[PDB]
Ligand SMILES: *Cc1c(C*)[n+]([O-])c2ccccc2[n+]1[O-]
Ligand SMILES: *Cc1c(C*)[n+]([O-])c2ccccc2[n+]1[O-]
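Chains as they are written, first to last, in the authors' numbering: chain C, 1 to 170; chain D, 0 to 171; chain E, 1 to 171; chain E', 1 to 171; chain D', 0 to 171; chain C', 1 to 170; chain B, 0 to 170; chain A, 0 to 171; chain B', 0 to 170; chain A', 0 to 171. A prime marks a further copy of an entry chain.
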């Protein structure tokens, strides 16, 4: 069962990830005081390109500018992640990744966020926005064929940051 | 109790009264087979907060109709409450003319089924769902109360789903 | 499901309401030592003019004269109430309301008093009388098409007030 | 425990009663096509004179005029009723009763309508209105010290009778 | 639901209102410790059937008092109903003066506890119980409605119990 | 649990008994159309005499005159019964018995009539009156030290027989 | 309902009245600590069939006493029934003088605990049990109704148990 | 798991491999319908204690055969263990030649059914059971491990049952 | 949650996608009736540790084919991950050409059914199973993560099973 | 009853009688704390099949001792059966002298715990288990009855674990 609810504390997670070509540990508490964008993707080494996943890495300086962490996640391993990172974008790989890419091989994080496709053991294209106090603020879940807009995600986070300080105004 | 909304599975069935074209009409999910459906929730009628978010879907509905997509607005307010707010001009902070149906979920049933109900208040969160011609739920968007939704993004999603329905996904 | 019983403590409630044009908090404990009359109505902005609801507001000086609080309630929002209050009575609105109008978007108060029409999420035309000690004394529930009488409500409260002090009757 | 709900079929009952000085059987189905007013009272032979019960008997021609049946009921025996009927009104009795007085020694009818004071085995001062189609339309329950008004009962039935044929109101 | 009356065990405890000497009094089983108690039930007040059975226990109560035995009458009629029937003279088919308390079990609780309740009518069967000084139930007699009970037999039993309490049983 | 209730069909029983010095089978259905008086007693060969039990045997011609069967019962065996019958009344025995004496060694009949003293496995001094249609009409249960009156039993049966034909009259 | 007798386990505890030397006495299992006990059941008192097999245990009790062994007879007959059968001469099919205590189990409790109760008749099967000084069940013997038990065998068993208590296995 | 062995009830059914006349054979209780059957249990093969108790039943089998009685021995050892012990001469603490079948209960099933299984060791107590022609259990004998059984006693019992089958109604 | 693999029982049935000869193919257990199957699990794709032990089964598959035996490799990695690692040269720590099918169990289903799933990591232990032609599980081998399996041993086992299928026991 | 044997978890605890150096001894798993332990199961004593598979582990025990490894054999036969088979010369299909302990599991407890018990026969499958110094299970091998185990394989596995304990982080 899903543990993700709007207004309630975001489901806690701890796993290995790949960041700057190295294995590192990533917890939700590590990003206390910051806004967090956690987004899921189905599979490593898919024939259709990860242009959407790349787009979040390329435009990370914009997220860093707003003091916002971006975390990528799938049910593939950290070893699978690093390999796809080591694959050039010319050969349908990820190339250099400026965001951490999380491994959810135990399916725990997908399950907790309720984005697991049970009959396949892979994650739907979900995207979650978590505030500085660790409260879940936004849920977005897409069916497999359709990716997510970076512009929209930026619009949402800035809207949330603005409404945090200002409440409801123009 | 439990949300019935799942990606890949049939979208939760709903049947309620609504306001369309200044009349009370019956609205069922079956009424929209062979068509894409965008169902979106809002919290309250007669809010001091700008309804420009809800109005935007009505104003830009010709864009949705052009793509053969039905748009449905919904809240836990009454069908009478809907009509009164529609009858209020936009100058006084009303909805004015609505080109889309506004569903009444005083039942709380649809909000519950789509899992968008704020239990302690009996109002719906700013959720928006995309349902395909086959009655299969394709997209879930739930926002916390202060942040509204973008029409452009909703259009970007629905067009992407329609394209991927006939074609396969393609990289270059 | 219902928590309302005669001779037992009346179901506790706390919600937002509209009184004198402002949003205020209403708790049951706020009316300790007074008799309370809590009455429900189905919907805001009905085509049927709300003459029964208006009558309890207009004749409230009589209730105040007896040190009796009168509270109106429905499953509509506080925003919905205020809009209907701001609507003139000639245009089928409530007009000036001299009693507080409670918002039960929770369904909690209706459920607790057992006046909720489940299939519609609206309250039946119920009326309840609660004594100074917070004990429920009277239960009245009407089907939707029929409203309530202020004269009866006053007769009931005055009968309860008299029997609290005296108890028994010559006729 | 209770079976009584607004808009649902009224709880079915069949018991012995006293009408016109004889023991007769009373079933709910016997009053199909008529509006029924069923009201409960606590006890036979109270020191309090039964003026409220007597008033419904005396003013019954008005109820008959509207094709409306009126039934009184308590948890006392049919023998107890008849004795109280045979007691003159000047000696704190019922006198001539022009309506049937039902014996609920079963507690069954009281339980079904949810007016039973469990700890005492007596019924609260409840009144119920049932339509020609056997659907419950109105619920009224009073704490013991306070009786009911015939004028209100007539106002209610006439309001229900009018709205059955017409439905909506100008005022 | 269940009868609580058992031979050798403590008799079911009861506490109710009653009519004694033209007044409403409170009656408890504890009020009779160190004394033998005869508790008997009857069906209805104001019966067309001769109450001579109930009256007989009142009339011959001096015989019971002489043996230091308390007699209690009971039915599921009200304490007000009891008084009205007591106030009715024996010439009109009343009880007249009652030298014993008449308990009101409108509660149905005592009838239930002694298992004498005719469920479908909410009346008590013609049951009669004998309880010793220690609050131990000693004798159960339950009769079907048409047949009354004998005072002489009740006296024969209570005297036998008192004799066997101090002495042992003896043959010759 | 007890199965005996006033107005309801009397608990059915079938067991061996001793009648005229022989073992015979006795059923409740055998006495259909007749009134039946079933009475229990605790024990065979008690030092206190069975004068009460004897009294029902001696005065049986009175019961036979009213077409009424009298049945005695205890949790002793048929062999124990016959032996006590074979013991002369001079030596605290039963002597000749004109009523059948039932054996309830399985405790089934006592249990069904709810007269069993569990901690001892013996029956209390119970007496039950059953009508021609097999309906239980009267319950009498005495504590061990106190016996039962034949006069009272006769009064009851005749009252029941009268009220059967007449209803309620003088 | 459930048997408690298990080999190698503490023998089911019992306490009841019995007849010994023509007197009512209380018998407990704890009374026989530091000693071997032979408890044997029989069906009925005043059985037409020869009780000689039961009698044989009483007559040859000097042999059991010589080995420091207690013998106990038991049935679901009363303690009064036992004494009466004891007072009946052996010539007239009685027990006569009994050197061993005869236990009354009108309770059905001891039979149940040893699992020798014939439910449909409320009588005990011809069971025989051997309990050691520490109170541990060592031997179970249960015969169907028509067949009795051998005193020689009982003796053979008990002294074999006594021998193996101190020696073990002489091969 | 609890015992299935009751007197007067059909004896627990069994089917296992056994060693008869130096060969492996299949043994069923149904095989002895119409005959009296004596089934006895023993703890272990290759014990330092003389199997003289077991031997005695084998040697004196012509007495049982004369009375049309089958005799079955059993333990929780294998058939391979049985044959090994049978092939061991009696001079070297073996069984020697066996006139009776020796049943193997390696799965502990038959011991469990007859309630002779010592759980903590997985071995059978020295039990002996007598079953009639109709397959009804007639006699239960369970001994603790250190004490053996008497053939004369077994024979006395068997004949007593055969006599009472023919007549009953005994006066010994 | 529960393992289904039992010796002497029908081997747990499986159906999944796999990589064979550089193509995505469907693999079922029913596909291998009338033949011996060796199913073996491995933890992870693109592991830094030498996959040579896994590779050895592919290289020496001619020996397995010679005995009419099917070899199946499996892990909780995707079918896309398998192919990518296959396309990675053995010089760069890849699989290279694989003569045997490599099954994808992102389901976790097959690992669970064979009871080789390491729950906390969602990866399979180094398990190896031998299934006969009738589809009955004959051998279970499970190794902890750091230790691999011997092809010689797998061969020794399978041909021993094939020999005993037709001969029994040559003593 | 189900299996308690899991990889990475503490190995199931056992305590039974065994035959070592021609004597009965008590064996516990706790006795080998700080050592690697190989526990293997076999079906039956006195089988017509050569116990050469069992013999091979006994003969080559000095290789296991060199690697500080204990080797334990087990079956559901008795210690009396074990000693009998050990005392049987290898020329006559016996075990002969045994350098390893042979555990008796007559109560079926250890087989059950390791999930190697064939229920319908009450015998153990040819299982082999490797336990580390901390008492953690490291390797499971279960064979069907007709197929034996390799000493070389057992030795290969043991050393691989000892090496990876010291270093880990392998690149074979
Ligand atoms: C997006 C994409 C992908 C996935 N792949 O594989 C290729 C390959 C070769 C050229 C272009 C290209 N694009 O663009
Ligand atoms: C009543 C009775 C009893 C029981 N017993 O035993 C005897 C014995 C001897 C003389 C008289 C007598 N009575 O009367």
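No residue lacks a Cβ here, since even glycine has one placed at the ideal position from N, Cα and C.
{"Check": "The region 14-33 of chain D' / the region 9-28 of chain E' touching (three or more Cβ pairs under 8 Å)", "Outcome": "no"}
{"Check": "Range covered by the alpha helix (DSSP H) that runs through residue 155 (chain D)", "Outcome": "150-165"}
{"Check": "Buried or exposed by the 16-neighbour rule on C-beta atoms within 10 Å, applied to residue 67 (chain A)", "Outcome": "exposed"}
{"Check": "Cα-Cα separation, residue 164 (chain D') to residue 56 (chain E')", "Outcome": "60 Å"}
{"Check": "Short Cβ contact (9 Å threshold) for residue 100 (chain E) with residue 24 (chain E)", "Outcome": "yes"}
{"Check": "Sheet register partners of residue 16 (chain E') (DSSP bridge)", "Outcome": "E':25"}
{"Check": "CB contact check: residue 14 (chain B) to chain C', cutoff 9 Å", "Outcome": "no"}
{"Check": "Members of the region 126-158 of chain A' that neighbour chain B' once the beta carbon cut-off is set at 7 Å", "Outcome": "137, 138, 139, 140, 141, 142, 143, 145, 146, 149, 152, 155, 156"}
{"Check": "C-alpha distance - residue 60 (chain C') paired with residue 107 (chain B), whole-angstrom precision", "Outcome": "34 Å"}
{"Check": "Within chain E, the residues that residue 122 (chain D) reaches when beta carbons sit closer than 9 Å", "Outcome": "77, 105"}
{"Check": "From C':148, C':21, C':152, residue whose alpha carbon lies closest to that of residue 147 (chain D')", "Outcome": "C':152"}
{"Check": "Distance CB(residue 80 (chain A))-CB(residue 45 (chain A')) smaller than 9 Å", "Outcome": "yes"}
{"Check": "Residues near residue 182 (chain D) by beta carbon distance below 6 Å, same chain, minus five either side", "Outcome": "Outside the shown range of chain D (0 to 171) lies residue 182 (chain D), about which nothing can therefore be said."}
{"Check": "Other residues of its chain near residue 85 (chain B'): CB distance less than 8 Å, five sequence neighbours each side excluded", "Outcome": "18, 21, 93, 94, 95, 96, 97, 101"}
{"Check": "Residue-level contact to chain B' via CB, residue 167 (chain A'), 9 Å cutoff", "Outcome": "yes"}
{"Check": "Cβ-based contacts, 7 Å cut-off: residues of the region 26-46 of chain E' near chain D'", "Outcome": "43, 44, 45, 46"}
{"Check": "Whole-Å CB distance - residue 27 (chain A) paired with residue 136 (chain A), under 8 Å assumed", "Outcome": "The Cβ separation is near 16 Å, so there is no contact."}
{"Check": "Candidates A:159, A:112, A:124: closest to residue 0 (chain A) by CA position", "Outcome": "A:112"}
{"Check": "Within 9 Å of chain A' by C-beta, residues of the region 50-75 of chain A in sequence order", "Outcome": "75"}
{"Check": "Among A':142, A':119, A':29, the one whose alpha carbon lies nearest that of residue 175 (chain A')", "Outcome": "Because chain A' here runs from 0 to 171, residue 175 (chain A') falls outside it and cannot be looked at."}
{"Check": "Between the CA atoms of residue 127 (chain C) and residue 104 (chain C) - distance to the nearest angstrom", "Outcome": "15 Å"}
{"Check": "Distance cut-off 8 Å: residue 15 (chain C') Cβ against heavy atoms of ligand 2", "Outcome": "no"}
{"Check": "Within-9 Å CB hit, residue 83 (chain A') to chain A", "Outcome": "yes"}
{"Check": "For residue 9 (chain A), the three-state DSSP class (helix, strand or coil)", "Outcome": "strand"}
{"Check": "Helix, strand or coil at residue 144 (chain A') according to DSSP, with G and I counted as helix", "Outcome": "coil"}
{"Check": "Cβ of residue 119 (chain D') within 9 Å of any chain E' Cβ", "Outcome": "yes"}
{"Check": "CA nearest to the CA of residue 5 (chain B), picked from A:47, A:130, A:116, A:63", "Outcome": "A:116"}
{"Check": "As assigned by DSSP and simplified to three states, the class of residue 99 (chain E')", "Outcome": "coil"}
{"Check": "Contact test: residue 56 (chain C) Cβ vs ligand 1 heavy atom, cutoff 8 Å", "Outcome": "no"}
{"Check": "Chain C residues whose Cβ lies nearer than 9 Å to that of residue 109 (chain D)", "Outcome": "The premise fails here: residue 109 (chain D) is roughly 17 Å from chain C at the closest Cβ pair, so nothing lies under 9 Å."}
{"Check": "Any non-hydrogen atom of ligand 1 within 8 Å of residue 95 (chain C) CB", "Outcome": "no"}
{"Check": "CA-to-CA distance, residue 75 (chain E') to residue 198 (chain E'), given in whole angstroms", "Outcome": "Nothing can be reported for residue 198 (chain E'), as the shown portion of chain E' is limited to 1 through 171."}
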